[PDB]
$ cat input30.pdb   # PDB, C-alpha atoms and all ligand atoms
ATOM      1  CA  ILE A 101     120.549 231.776  63.008  1.00  0.00           C
ATOM      2  CA  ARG A 102     116.826 231.384  63.428  1.00  0.00           C
ATOM      3  CA  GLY A 103     116.164 230.250  66.961  1.00  0.00           C
ATOM      4  CA  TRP A 104     116.829 228.413  70.198  1.00  0.00           C
ATOM      5  CA  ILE A 105     115.700 225.392  72.226  1.00  0.00           C
ATOM      6  CA  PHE A 106     115.625 225.569  76.042  1.00  0.00           C
ATOM      7  CA  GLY A 107     114.931 222.760  78.549  1.00  0.00           C
ATOM      8  CA  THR A 108     116.247 219.957  80.791  1.00  0.00           C
ATOM      9  CA  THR A 109     116.379 217.589  77.856  1.00  0.00           C
ATOM     10  CA  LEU A 110     116.143 218.003  74.105  1.00  0.00           C
ATOM     11  CA  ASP A 111     114.654 214.550  73.493  1.00  0.00           C
ATOM     12  CA  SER A 112     110.900 214.650  74.245  1.00  0.00           C
ATOM     13  CA  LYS A 113     110.110 213.392  77.795  1.00  0.00           C
ATOM     14  CA  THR A 114     110.001 216.902  79.326  1.00  0.00           C
ATOM     15  CA  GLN A 115     108.535 220.134  77.941  1.00  0.00           C
ATOM     16  CA  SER A 116     110.981 222.288  75.996  1.00  0.00           C
ATOM     17  CA  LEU A 117     110.786 225.922  74.940  1.00  0.00           C
ATOM     18  CA  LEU A 118     111.225 226.416  71.216  1.00  0.00           C
ATOM     19  CA  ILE A 119     111.730 229.934  69.868  1.00  0.00           C
ATOM     20  CA  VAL A 120     111.973 230.161  66.083  1.00  0.00           C
ATOM     21  CA  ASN A 121     112.214 233.107  63.694  1.00  0.00           C
ATOM     22  CA  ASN A 122     110.976 231.890  60.253  1.00  0.00           C
ATOM     23  CA  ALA A 123     110.438 234.137  57.152  1.00  0.00           C
ATOM     24  CA  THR A 124     108.069 236.736  58.596  1.00  0.00           C
ATOM     25  CA  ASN A 125     107.607 236.078  62.303  1.00  0.00           C
ATOM     26  CA  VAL A 126     108.598 234.340  65.507  1.00  0.00           C
ATOM     27  CA  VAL A 127     106.857 231.208  66.708  1.00  0.00           C
ATOM     28  CA  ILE A 128     107.138 230.246  70.363  1.00  0.00           C
ATOM     29  CA  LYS A 129     105.978 226.882  71.700  1.00  0.00           C
ATOM     30  CA  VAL A 130     106.553 224.825  74.848  1.00  0.00           C
ATOM     31  CA  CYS A 131     105.551 221.344  73.590  1.00  0.00           C
ATOM     32  CA  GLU A 132     107.188 218.065  74.616  1.00  0.00           C
ATOM     33  CA  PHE A 133     109.070 218.149  71.335  1.00  0.00           C
ATOM     34  CA  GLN A 134     111.016 215.345  69.800  1.00  0.00           C
ATOM     35  CA  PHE A 135     114.130 216.920  68.399  1.00  0.00           C
ATOM     36  CA  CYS A 136     116.640 215.670  65.869  1.00  0.00           C
ATOM     37  CA  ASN A 137     120.288 215.105  66.792  1.00  0.00           C
ATOM     38  CA  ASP A 138     121.010 217.816  64.230  1.00  0.00           C
ATOM     39  CA  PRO A 139     118.000 220.221  64.198  1.00  0.00           C
ATOM     40  CA  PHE A 140     117.799 223.287  61.885  1.00  0.00           C
ATOM     41  CA  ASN A 164     101.142 216.196  71.787  1.00  0.00           C
ATOM     42  CA  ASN A 165     101.535 218.074  75.134  1.00  0.00           C
ATOM     43  CA  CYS A 166     101.638 221.900  74.786  1.00  0.00           C
ATOM     44  CA  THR A 167     100.845 224.499  77.449  1.00  0.00           C
ATOM     45  CA  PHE A 168     101.828 227.747  75.732  1.00  0.00           C
ATOM     46  CA  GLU A 169     101.897 229.032  72.184  1.00  0.00           C
ATOM     47  CA  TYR A 170     102.570 232.496  70.799  1.00  0.00           C
ATOM     48  CA  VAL A 171     103.216 233.924  67.353  1.00  0.00           C
ATOM     49  CA  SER A 172     104.635 237.428  66.666  1.00  0.00           C
ATOM     50  CA  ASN A 188     124.548 243.042  61.742  1.00  0.00           C
ATOM     51  CA  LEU A 189     125.209 242.429  65.488  1.00  0.00           C
ATOM     52  CA  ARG A 190     122.338 240.993  67.457  1.00  0.00           C
ATOM     53  CA  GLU A 191     122.785 240.623  71.202  1.00  0.00           C
ATOM     54  CA  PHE A 192     120.385 238.626  73.367  1.00  0.00           C
ATOM     55  CA  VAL A 193     120.002 237.866  77.043  1.00  0.00           C
ATOM     56  CA  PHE A 194     118.054 234.861  78.261  1.00  0.00           C
ATOM     57  CA  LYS A 195     117.161 234.502  81.948  1.00  0.00           C
ATOM     58  CA  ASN A 196     115.096 231.935  83.776  1.00  0.00           C
ATOM     59  CA  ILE A 197     113.520 233.390  86.893  1.00  0.00           C
ATOM     60  CA  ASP A 198     110.831 231.481  88.801  1.00  0.00           C
ATOM     61  CA  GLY A 199     107.920 231.388  86.484  1.00  0.00           C
ATOM     62  CA  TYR A 200     109.093 233.638  83.697  1.00  0.00           C
ATOM     63  CA  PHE A 201     111.627 233.253  80.936  1.00  0.00           C
ATOM     64  CA  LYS A 202     112.945 236.723  80.168  1.00  0.00           C
ATOM     65  CA  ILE A 203     114.396 237.874  76.879  1.00  0.00           C
ATOM     66  CA  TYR A 204     116.315 241.109  76.200  1.00  0.00           C
ATOM     67  CA  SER A 205     117.803 242.141  72.868  1.00  0.00           C
ATOM     68  CA  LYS A 206     119.681 244.806  70.909  1.00  0.00           C
ATOM     69  CA  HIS A 207     120.405 245.255  67.209  1.00  0.00           C
ATOM     70  CA  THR A 208     123.329 247.437  66.171  1.00  0.00           C
ATOM     71  CA  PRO A 209     125.220 247.961  62.854  1.00  0.00           C
ATOM     72  CA  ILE A 210     128.813 246.658  62.473  1.00  0.00           C
ATOM     73  CA  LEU A 216     132.187 240.717  68.474  1.00  0.00           C
ATOM     74  CA  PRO A 217     133.563 244.389  68.208  1.00  0.00           C
ATOM     75  CA  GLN A 218     134.665 246.396  71.235  1.00  0.00           C
ATOM     76  CA  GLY A 219     132.056 248.906  72.399  1.00  0.00           C
ATOM     77  CA  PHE A 220     129.139 249.439  74.769  1.00  0.00           C
ATOM     78  CA  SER A 221     125.354 249.421  74.541  1.00  0.00           C
ATOM     79  CA  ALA A 222     122.497 248.203  76.713  1.00  0.00           C
ATOM     80  CA  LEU A 223     119.800 245.704  75.804  1.00  0.00           C
ATOM     81  CA  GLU A 224     116.121 246.558  76.086  1.00  0.00           C
ATOM     82  CA  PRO A 225     113.567 243.914  77.227  1.00  0.00           C
ATOM     83  CA  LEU A 226     111.783 242.100  74.423  1.00  0.00           C
ATOM     84  CA  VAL A 227     109.327 239.677  75.991  1.00  0.00           C
ATOM     85  CA  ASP A 228     108.313 238.090  79.284  1.00  0.00           C
ATOM     86  CA  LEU A 229     107.177 234.494  78.687  1.00  0.00           C
ATOM     87  CA  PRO A 230     105.162 232.895  81.589  1.00  0.00           C
ATOM     88  CA  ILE A 231     106.727 229.486  81.135  1.00  0.00           C
ATOM     89  CA  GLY A 232     106.939 227.391  84.316  1.00  0.00           C
ATOM     90  CA  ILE A 233     109.684 225.006  83.172  1.00  0.00           C
ATOM     91  CA  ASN A 234     113.150 223.810  84.271  1.00  0.00           C
ATOM     92  CA  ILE A 235     115.983 224.829  81.847  1.00  0.00           C
ATOM     93  CA  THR A 236     119.469 223.382  82.179  1.00  0.00           C
ATOM     94  CA  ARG A 237     120.613 223.201  78.544  1.00  0.00           C
ATOM     95  CA  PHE A 238     119.910 224.977  75.290  1.00  0.00           C
ATOM     96  CA  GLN A 239     120.667 224.648  71.590  1.00  0.00           C
ATOM     97  CA  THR A 240     121.165 227.196  68.820  1.00  0.00           C
ATOM     98  CA  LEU A 241     119.304 226.577  65.552  1.00  0.00           C
ATOM     99  CA  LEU A 242     121.017 227.643  62.266  1.00  0.00           C
TER     100      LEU A 242
ATOM    101  CA  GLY B 447      84.579 207.601  93.697  1.00  0.00           C
ATOM    102  CA  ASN B 448      85.861 210.177  91.244  1.00  0.00           C
ATOM    103  CA  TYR B 449      89.412 209.063  90.568  1.00  0.00           C
ATOM    104  CA  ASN B 450      90.008 211.458  87.663  1.00  0.00           C
ATOM    105  CA  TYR B 451      91.933 213.995  89.762  1.00  0.00           C
ATOM    106  CA  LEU B 452      95.606 213.297  90.399  1.00  0.00           C
ATOM    107  CA  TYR B 453      98.248 214.657  92.737  1.00  0.00           C
ATOM    108  CA  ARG B 454     101.929 213.928  92.952  1.00  0.00           C
ATOM    109  CA  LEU B 455     102.897 211.953  96.025  1.00  0.00           C
ATOM    110  CA  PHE B 456     106.388 210.854  95.029  1.00  0.00           C
ATOM    111  CA  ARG B 457     109.047 213.313  93.852  1.00  0.00           C
ATOM    112  CA  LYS B 458     112.859 213.426  94.103  1.00  0.00           C
ATOM    113  CA  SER B 459     112.891 217.124  95.047  1.00  0.00           C
ATOM    114  CA  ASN B 460     110.684 220.126  95.798  1.00  0.00           C
ATOM    115  CA  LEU B 461     109.263 222.516  93.173  1.00  0.00           C
ATOM    116  CA  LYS B 462     110.258 226.094  92.509  1.00  0.00           C
ATOM    117  CA  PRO B 463     107.537 228.802  92.588  1.00  0.00           C
ATOM    118  CA  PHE B 464     105.091 228.436  89.691  1.00  0.00           C
ATOM    119  CA  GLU B 465     106.929 225.413  88.271  1.00  0.00           C
ATOM    120  CA  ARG B 466     104.636 222.905  86.552  1.00  0.00           C
ATOM    121  CA  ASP B 467     105.889 219.293  86.566  1.00  0.00           C
ATOM    122  CA  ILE B 468     103.705 216.853  84.631  1.00  0.00           C
ATOM    123  CA  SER B 469     106.207 214.008  84.204  1.00  0.00           C
ATOM    124  CA  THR B 470     104.877 210.481  84.748  1.00  0.00           C
ATOM    125  CA  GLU B 471     108.278 208.783  85.082  1.00  0.00           C
ATOM    126  CA  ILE B 472     108.321 205.988  87.676  1.00  0.00           C
ATOM    127  CA  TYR B 473     109.776 207.139  90.981  1.00  0.00           C
ATOM    128  CA  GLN B 474     112.727 205.284  92.435  1.00  0.00           C
ATOM    129  CA  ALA B 475     112.355 205.017  96.192  1.00  0.00           C
ATOM    130  CA  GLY B 476     115.071 202.404  96.684  1.00  0.00           C
ATOM    131  CA  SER B 477     118.679 201.919  95.564  1.00  0.00           C
ATOM    132  CA  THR B 478     117.925 200.086  92.321  1.00  0.00           C
ATOM    133  CA  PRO B 479     116.786 201.419  88.874  1.00  0.00           C
ATOM    134  CA  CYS B 480     113.072 200.994  88.044  1.00  0.00           C
ATOM    135  CA  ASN B 481     113.463 201.360  84.281  1.00  0.00           C
ATOM    136  CA  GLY B 482     109.791 202.353  83.978  1.00  0.00           C
ATOM    137  CA  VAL B 483     108.582 199.328  85.957  1.00  0.00           C
ATOM    138  CA  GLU B 484     106.601 199.506  89.203  1.00  0.00           C
ATOM    139  CA  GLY B 485     107.300 197.077  92.028  1.00  0.00           C
ATOM    140  CA  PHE B 486     109.234 196.990  95.257  1.00  0.00           C
ATOM    141  CA  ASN B 487     110.522 200.532  95.810  1.00  0.00           C
ATOM    142  CA  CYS B 488     109.182 201.746  92.377  1.00  0.00           C
ATOM    143  CA  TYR B 489     105.977 203.752  92.145  1.00  0.00           C
ATOM    144  CA  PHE B 490     103.835 205.608  89.661  1.00  0.00           C
ATOM    145  CA  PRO B 491     104.325 209.159  91.085  1.00  0.00           C
ATOM    146  CA  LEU B 492     100.688 210.207  90.873  1.00  0.00           C
ATOM    147  CA  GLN B 493      97.907 209.197  93.259  1.00  0.00           C
ATOM    148  CA  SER B 494      94.229 209.851  92.665  1.00  0.00           C
ATOM    149  CA  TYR B 495      91.741 211.604  94.909  1.00  0.00           C
ATOM    150  CA  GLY B 496      88.769 209.278  95.231  1.00  0.00           C
TER     151      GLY B 496
ATOM    152  CA  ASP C   1     113.601 198.108 106.862  1.00  0.00           C
ATOM    153  CA  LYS C   2     112.388 201.632 105.827  1.00  0.00           C
ATOM    154  CA  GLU C   3     112.011 200.489 102.226  1.00  0.00           C
ATOM    155  CA  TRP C   4     109.656 197.690 103.241  1.00  0.00           C
ATOM    156  CA  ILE C   5     107.625 200.023 105.396  1.00  0.00           C
ATOM    157  CA  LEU C   6     107.098 202.426 102.511  1.00  0.00           C
ATOM    158  CA  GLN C   7     106.010 199.545 100.303  1.00  0.00           C
ATOM    159  CA  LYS C   8     103.518 198.322 102.894  1.00  0.00           C
ATOM    160  CA  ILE C   9     101.933 201.733 103.422  1.00  0.00           C
ATOM    161  CA  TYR C  10     101.713 202.175  99.631  1.00  0.00           C
ATOM    162  CA  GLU C  11      99.937 198.825  99.282  1.00  0.00           C
ATOM    163  CA  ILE C  12      97.524 199.742 102.066  1.00  0.00           C
ATOM    164  CA  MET C  13      96.273 202.896 100.360  1.00  0.00           C
ATOM    165  CA  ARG C  14      96.097 201.055  97.047  1.00  0.00           C
ATOM    166  CA  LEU C  15      93.835 198.455  98.639  1.00  0.00           C
ATOM    167  CA  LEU C  16      91.656 201.085 100.312  1.00  0.00           C
ATOM    168  CA  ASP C  17      90.893 202.587  96.890  1.00  0.00           C
ATOM    169  CA  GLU C  18      90.000 199.103  95.596  1.00  0.00           C
ATOM    170  CA  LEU C  19      87.747 198.464  98.597  1.00  0.00           C
ATOM    171  CA  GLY C  20      85.718 201.619  97.866  1.00  0.00           C
ATOM    172  CA  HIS C  21      86.917 203.609 100.898  1.00  0.00           C
ATOM    173  CA  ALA C  22      88.548 206.658  99.385  1.00  0.00           C
ATOM    174  CA  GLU C  23      88.649 208.684 102.589  1.00  0.00           C
ATOM    175  CA  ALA C  24      90.686 206.009 104.304  1.00  0.00           C
ATOM    176  CA  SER C  25      93.002 205.885 101.294  1.00  0.00           C
ATOM    177  CA  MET C  26      93.510 209.654 101.374  1.00  0.00           C
ATOM    178  CA  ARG C  27      94.402 209.498 105.069  1.00  0.00           C
ATOM    179  CA  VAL C  28      96.930 206.733 104.434  1.00  0.00           C
ATOM    180  CA  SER C  29      98.470 208.669 101.546  1.00  0.00           C
ATOM    181  CA  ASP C  30      99.166 211.498 104.004  1.00  0.00           C
ATOM    182  CA  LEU C  31     101.001 208.931 106.171  1.00  0.00           C
ATOM    183  CA  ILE C  32     103.240 208.174 103.168  1.00  0.00           C
ATOM    184  CA  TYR C  33     104.224 211.771 102.653  1.00  0.00           C
ATOM    185  CA  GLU C  34     105.111 212.213 106.312  1.00  0.00           C
ATOM    186  CA  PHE C  35     106.937 208.859 106.387  1.00  0.00           C
ATOM    187  CA  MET C  36     109.182 209.775 103.471  1.00  0.00           C
ATOM    188  CA  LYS C  37     110.381 212.811 105.477  1.00  0.00           C
ATOM    189  CA  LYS C  38     110.908 211.030 108.822  1.00  0.00           C
ATOM    190  CA  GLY C  39     112.400 208.028 110.649  1.00  0.00           C
ATOM    191  CA  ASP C  40     109.058 207.505 112.426  1.00  0.00           C
ATOM    192  CA  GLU C  41     107.866 203.952 111.750  1.00  0.00           C
ATOM    193  CA  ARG C  42     104.616 204.301 113.726  1.00  0.00           C
ATOM    194  CA  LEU C  43     103.066 205.613 110.531  1.00  0.00           C
ATOM    195  CA  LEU C  44     102.902 201.992 109.373  1.00  0.00           C
ATOM    196  CA  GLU C  45     100.966 201.021 112.457  1.00  0.00           C
ATOM    197  CA  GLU C  46      98.495 203.782 111.679  1.00  0.00           C
ATOM    198  CA  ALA C  47      98.153 202.693 108.059  1.00  0.00           C
ATOM    199  CA  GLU C  48      97.462 199.143 109.227  1.00  0.00           C
ATOM    200  CA  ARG C  49      95.059 200.261 111.955  1.00  0.00           C
ATOM    201  CA  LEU C  50      93.039 202.299 109.470  1.00  0.00           C
ATOM    202  CA  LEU C  51      92.861 199.323 107.133  1.00  0.00           C
ATOM    203  CA  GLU C  52      91.632 197.085 109.955  1.00  0.00           C
ATOM    204  CA  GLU C  53      88.854 199.563 110.790  1.00  0.00           C
ATOM    205  CA  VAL C  54      87.782 199.500 107.133  1.00  0.00           C
ATOM    206  CA  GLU C  55      88.006 195.658 106.788  1.00  0.00           C
TER     207      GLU C  55
HETATM  208  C1  LIG D   1     116.262 220.487  86.490  1.00  0.00           C
HETATM  209  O1  LIG D   1     116.479 219.111  86.069  1.00  0.00           O
HETATM  210  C2  LIG D   1     117.774 218.557  86.499  1.00  0.00           C
HETATM  211  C3  LIG D   1     117.920 217.159  85.910  1.00  0.00           C
HETATM  212  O2  LIG D   1     117.749 217.150  84.494  1.00  0.00           O
HETATM  213  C4  LIG D   1     117.837 218.558  88.057  1.00  0.00           C
HETATM  214  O3  LIG D   1     119.120 218.050  88.491  1.00  0.00           O
HETATM  215  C5  LIG D   1     119.039 216.811  89.334  1.00  0.00           C
HETATM  216  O4  LIG D   1     118.486 217.076  90.653  1.00  0.00           O
HETATM  217  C6  LIG D   1     118.351 215.856  91.476  1.00  0.00           C
HETATM  218  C7  LIG D   1     117.670 216.245  92.785  1.00  0.00           C
HETATM  219  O5  LIG D   1     118.463 217.119  93.587  1.00  0.00           O
HETATM  220  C8  LIG D   1     119.749 215.201  91.673  1.00  0.00           C
HETATM  221  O6  LIG D   1     119.626 213.999  92.433  1.00  0.00           O
HETATM  222  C9  LIG D   1     120.344 214.866  90.271  1.00  0.00           C
HETATM  223  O7  LIG D   1     121.648 214.277  90.420  1.00  0.00           O
HETATM  224  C10 LIG D   1     120.472 216.173  89.436  1.00  0.00           C
HETATM  225  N1  LIG D   1     120.944 215.837  88.073  1.00  0.00           N
HETATM  226  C11 LIG D   1     121.860 216.575  87.436  1.00  0.00           C
HETATM  227  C12 LIG D   1     122.299 216.195  86.051  1.00  0.00           C
HETATM  228  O8  LIG D   1     122.355 217.578  87.973  1.00  0.00           O
HETATM  229  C13 LIG D   1     117.661 220.017  88.555  1.00  0.00           C
HETATM  230  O9  LIG D   1     117.708 220.073  89.985  1.00  0.00           O
HETATM  231  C14 LIG D   1     116.291 220.559  88.065  1.00  0.00           C
HETATM  232  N2  LIG D   1     116.146 221.973  88.463  1.00  0.00           N
HETATM  233  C15 LIG D   1     115.144 222.386  89.233  1.00  0.00           C
HETATM  234  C16 LIG D   1     115.022 223.829  89.608  1.00  0.00           C
HETATM  235  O10 LIG D   1     114.296 221.587  89.656  1.00  0.00           O
HETATM  236  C1  LIG D   2     106.614 229.627  60.152  1.00  0.00           C
HETATM  237  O1  LIG D   2     106.460 228.366  60.874  1.00  0.00           O
HETATM  238  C2  LIG D   2     105.062 228.047  61.232  1.00  0.00           C
HETATM  239  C3  LIG D   2     105.072 226.739  62.019  1.00  0.00           C
HETATM  240  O2  LIG D   2     105.600 226.913  63.328  1.00  0.00           O
HETATM  241  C4  LIG D   2     104.209 227.933  59.937  1.00  0.00           C
HETATM  242  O3  LIG D   2     102.845 227.672  60.266  1.00  0.00           O
HETATM  243  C5  LIG D   2     104.301 229.270  59.155  1.00  0.00           C
HETATM  244  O4  LIG D   2     103.521 229.175  57.954  1.00  0.00           O
HETATM  245  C6  LIG D   2     105.793 229.558  58.803  1.00  0.00           C
HETATM  246  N1  LIG D   2     105.893 230.864  58.117  1.00  0.00           N
HETATM  247  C7  LIG D   2     105.992 230.957  56.786  1.00  0.00           C
HETATM  248  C8  LIG D   2     106.080 232.298  56.118  1.00  0.00           C
HETATM  249  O5  LIG D   2     106.013 229.942  56.076  1.00  0.00           O
HETATM  250  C1  LIG D   3     100.203 214.156  77.453  1.00  0.00           C
HETATM  251  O1  LIG D   3     100.603 214.068  78.850  1.00  0.00           O
HETATM  252  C2  LIG D   3      99.712 213.228  79.674  1.00  0.00           C
HETATM  253  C3  LIG D   3     100.211 213.309  81.111  1.00  0.00           C
HETATM  254  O2  LIG D   3      99.945 214.596  81.664  1.00  0.00           O
HETATM  255  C4  LIG D   3      99.715 211.776  79.118  1.00  0.00           C
HETATM  256  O3  LIG D   3      98.816 210.959  79.868  1.00  0.00           O
HETATM  257  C5  LIG D   3      99.255 211.807  77.638  1.00  0.00           C
HETATM  258  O4  LIG D   3      99.271 210.475  77.101  1.00  0.00           O
HETATM  259  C6  LIG D   3     100.217 212.711  76.811  1.00  0.00           C
HETATM  260  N1  LIG D   3      99.715 212.804  75.428  1.00  0.00           N
HETATM  261  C7  LIG D   3     100.511 212.660  74.367  1.00  0.00           C
HETATM  262  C8  LIG D   3      99.932 212.762  72.988  1.00  0.00           C
HETATM  263  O5  LIG D   3     101.723 212.437  74.501  1.00  0.00           O
END

$ encode --input "input30.pdb" --output "structure tokens" --more "lines below"
Ligand SMILES: *[C@@H]1O[C@H](CO)[C@@H](O[C@@H]2O[C@H](CO)[C@@H](O)[C@H](O)[C@H]2NC(C)=O)[C@H](O)[C@H]1NC(C)=O
Ligand SMILES: *[C@@H]1O[C@H](CO)[C@@H](O)[C@H](O)[C@H]1NC(C)=O
Ligand SMILES: *[C@@H]1O[C@H](CO)[C@@H](O)[C@H](O)[C@H]1NC(C)=O
Amino acid sequence: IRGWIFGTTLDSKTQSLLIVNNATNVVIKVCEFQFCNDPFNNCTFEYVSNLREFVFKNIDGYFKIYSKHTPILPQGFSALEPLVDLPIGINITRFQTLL
Amino acid sequence: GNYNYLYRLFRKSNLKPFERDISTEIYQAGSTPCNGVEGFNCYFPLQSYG
Amino acid sequence: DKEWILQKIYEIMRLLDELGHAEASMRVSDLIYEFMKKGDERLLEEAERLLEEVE
């Protein structure tokens, strides 16, 4: 698993948030991307940086990400620390996981 | 007249705080689909400030 | 009837831009916003009156 797509649509038309971990870093863009039906122009934001838990929230204005990496879905408890606050003013109704 | 600046006049709903909507999809005011075409009860959503 | 009123007000501001009277167009546009939130049809009469003053 490398990343996620978040937006109202995943077929251009409306801006989508693309978060991808590739080789050495994480690339985050909010372009009006044209996606494939099996993934694996107009941009307002761009940024470039085992059990892995993540929390994704979409508050007004920001898209919040929390995460935790622990050694090993086993029973147990831990809390996730905040990772990044992305100032992305978009509507998100659907998302896709990229493998 | 400087008609370069646009504002949205037609929208199906209100915005959330700090939401930025730049869609240019034709607004349907009536009961029938516009399919991207302006005309009776179909409008380009943005109006210029002259 | 409401649908036809909206179309008429829309056409009025469009014409006012074409005629080179942007202020009048801006005022009519405000009538559209209010109209789309109300059952008040007198906003058409105002759009037409403003056009007559311009023409
Ligand atoms: C995010 O976009 C969706 C559509 O992709 C919006 O849902 C629509 O809202 C309108 C206006 O109330 C309704 O008439 C449609 O029937 C809804 N469509 C669907 C599929 O539910 C949603 O409201 C938008 N979210 C925000 C915060 O604006
Ligand atoms: C990761 O993807 C970006 C494009 O988003 C590319 O420019 C970069 O070179 C890639 N990283 C590596 C190590 O290839
Ligand atoms: C970018 O969006 C604007 C509308 O805000 C549109 O006019 C323009 O053609 C788009 N550009 C591209 C390359 O899609």

$ residues_around --input "input30.pdb" --residues "residue 451 (chain B)" --least-positions-apart "2" --cutoff "9 Å" --atoms "all atoms listed in the file" --output "ChimeraX atom specification"
/B:448-449,453,493-496

$ write_last_selection --input "input30.pdb" --atoms "C-alpha atoms" --output "mmCIF file, keeping the file's coordinate frame"
data_model
loop_
_atom_site.group_PDB
_atom_site.id
_atom_site.type_symbol
_atom_site.label_atom_id
_atom_site.label_comp_id
_atom_site.auth_asym_id
_atom_site.auth_seq_id
_atom_site.Cartn_x
_atom_site.Cartn_y
_atom_site.Cartn_z
ATOM 1 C CA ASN B 448 85.861 210.177 91.244
ATOM 2 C CA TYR B 449 89.412 209.063 90.568
ATOM 3 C CA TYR B 453 98.248 214.657 92.737
ATOM 4 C CA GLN B 493 97.907 209.197 93.259
ATOM 5 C CA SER B 494 94.229 209.851 92.665
ATOM 6 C CA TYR B 495 91.741 211.604 94.909
ATOM 7 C CA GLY B 496 88.769 209.278 95.231
#

$ resolve_selection --input "input30.pdb" --expression "the PyMOL selection byres (((chain B and resi 485) around 12) and not hetatm)" --output "compact mmCIF listing (two decimals) with C-alpha atoms, keeping the file's coordinate frame"
# COMPACT_ATOMS: atom_id res chain seq x y z
CA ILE B 472 108.32 205.99 87.68
CA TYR B 473 109.78 207.14 90.98
CA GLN B 474 112.73 205.28 92.44
CA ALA B 475 112.36 205.02 96.19
CA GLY B 476 115.07 202.40 96.68
CA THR B 478 117.92 200.09 92.32
CA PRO B 479 116.79 201.42 88.87
CA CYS B 480 113.07 200.99 88.04
CA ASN B 481 113.46 201.36 84.28
CA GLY B 482 109.79 202.35 83.98
CA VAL B 483 108.58 199.33 85.96
CA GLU B 484 106.60 199.51 89.20
CA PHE B 486 109.23 196.99 95.26
CA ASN B 487 110.52 200.53 95.81
CA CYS B 488 109.18 201.75 92.38
CA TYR B 489 105.98 203.75 92.14
CA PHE B 490 103.84 205.61 89.66
CA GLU C 3 112.01 200.49 102.23
CA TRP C 4 109.66 197.69 103.24
CA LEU C 6 107.10 202.43 102.51
CA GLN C 7 106.01 199.54 100.30
CA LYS C 8 103.52 198.32 102.89
CA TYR C 10 101.71 202.18 99.63
CA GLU C 11 99.94 198.82 99.28

$ interface_residues --input "input30.pdb" --of "chain A" --to "chain B" --cutoff "7 Å" --atoms "only C-alpha atoms" --output "list in words"
residues 114, 198, 199, 232 and 233 of chain A

$ resolve_selection --input "input30.pdb" --expression "the PyMOL selection byres (((chain A and resi 117) around 9) and not hetatm)" --output "MDAnalysis selection string"
chainID A and resid 104:107 115:116 118:119 128:133 231 233 235

$ residues_around --input "input30.pdb" --residues "region 47-50 of chain C" --least-positions-apart "6" --cutoff "7 Å" --atoms "only C-alpha atoms" --output "list in words"
residues 9, 12, 24 and 28 of chain C

$ closest_atom_pairs --input "input30.pdb" --of "chain A" --to "ligand LIG 1 (chain D)" --cutoff "8 Å" --atoms "only C-alpha atoms and all ligand atoms" --output "JSON lines"
{"residue": "A:108", "atom": "CA", "partner": "D:LIG1", "partner_atom": "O2", "distance": 4.9}
{"residue": "A:109", "atom": "CA", "partner": "D:LIG1", "partner_atom": "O2", "distance": 6.8}
{"residue": "A:234", "atom": "CA", "partner": "D:LIG1", "partner_atom": "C1", "distance": 5.1}
{"residue": "A:235", "atom": "CA", "partner": "D:LIG1", "partner_atom": "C1", "distance": 6.4}
{"residue": "A:236", "atom": "CA", "partner": "D:LIG1", "partner_atom": "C1", "distance": 6.1}

$ write_last_selection --input "input30.pdb" --atoms "C-alpha atoms" --output "mmCIF file, keeping the file's coordinate frame"
data_model
loop_
_atom_site.group_PDB
_atom_site.id
_atom_site.type_symbol
_atom_site.label_atom_id
_atom_site.label_comp_id
_atom_site.auth_asym_id
_atom_site.auth_seq_id
_atom_site.Cartn_x
_atom_site.Cartn_y
_atom_site.Cartn_z
ATOM 1 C CA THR A 108 116.247 219.957 80.791
ATOM 2 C CA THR A 109 116.379 217.589 77.856
ATOM 3 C CA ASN A 234 113.150 223.810 84.271
ATOM 4 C CA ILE A 235 115.983 224.829 81.847
ATOM 5 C CA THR A 236 119.469 223.382 82.179
#

$ axis_aligned_box --input "input30.pdb" --around "ligand LIG 2 (chain D)" --padding-each-side "3 Å" --output "lines of an AutoDock Vina configuration file"
center_x = 104.7
center_y = 229.5
center_z = 59.7
size_x = 9.8
size_y = 11.6
size_z = 13.3

$ residues_around --input "input30.pdb" --residues "residue 447 (chain B)" --least-positions-apart "5" --cutoff "12 Å" --atoms "only C-alpha atoms" --output "compact mmCIF listing (two decimals) with C-alpha atoms, keeping the file's coordinate frame"
# COMPACT_ATOMS: atom_id res chain seq x y z
CA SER B 494 94.23 209.85 92.66
CA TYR B 495 91.74 211.60 94.91
CA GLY B 496 88.77 209.28 95.23
CA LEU C 16 91.66 201.08 100.31
CA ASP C 17 90.89 202.59 96.89
CA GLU C 18 90.00 199.10 95.60
CA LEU C 19 87.75 198.46 98.60
CA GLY C 20 85.72 201.62 97.87
CA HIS C 21 86.92 203.61 100.90
CA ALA C 22 88.55 206.66 99.38
CA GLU C 23 88.65 208.68 102.59
CA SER C 25 93.00 205.88 101.29
CA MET C 26 93.51 209.65 101.37

$ atom_distance --input "input30.pdb" --atom1 "atom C6 of ligand LIG 3 (chain D)" --atom2 "CA of residue 201 (chain A)"
23.9 Å

$ residues_near_ligand --input "input30.pdb" --ligand "ligand LIG 2 (chain D)" --cutoff "6 Å" --atoms "all atoms listed in the file" --output "list in words"
residues 122, 123, 124 and 127 of chain A

$ write_last_selection --input "input30.pdb" --atoms "C-alpha atoms" --output "short mmCIF file (atom, residue, chain, number, x, y, z; two decimals), keeping the file's coordinate frame"
data_model
loop_
_atom_site.label_atom_id
_atom_site.label_comp_id
_atom_site.auth_asym_id
_atom_site.auth_seq_id
_atom_site.Cartn_x
_atom_site.Cartn_y
_atom_site.Cartn_z
CA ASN A 122 110.98 231.89 60.25
CA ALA A 123 110.44 234.14 57.15
CA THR A 124 108.07 236.74 58.60
CA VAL A 127 106.86 231.21 66.71
#

$ resolve_selection --input "input30.pdb" --expression "the PyMOL selection byres (((chain A and resi 202) around 12) and not hetatm)" --output "list in words"
residues 192, 193, 194, 195, 196, 197, 198, 199, 200, 201, 203, 204, 205, 224, 225, 226, 227, 228, 229, 230, 231 and 232 of chain A
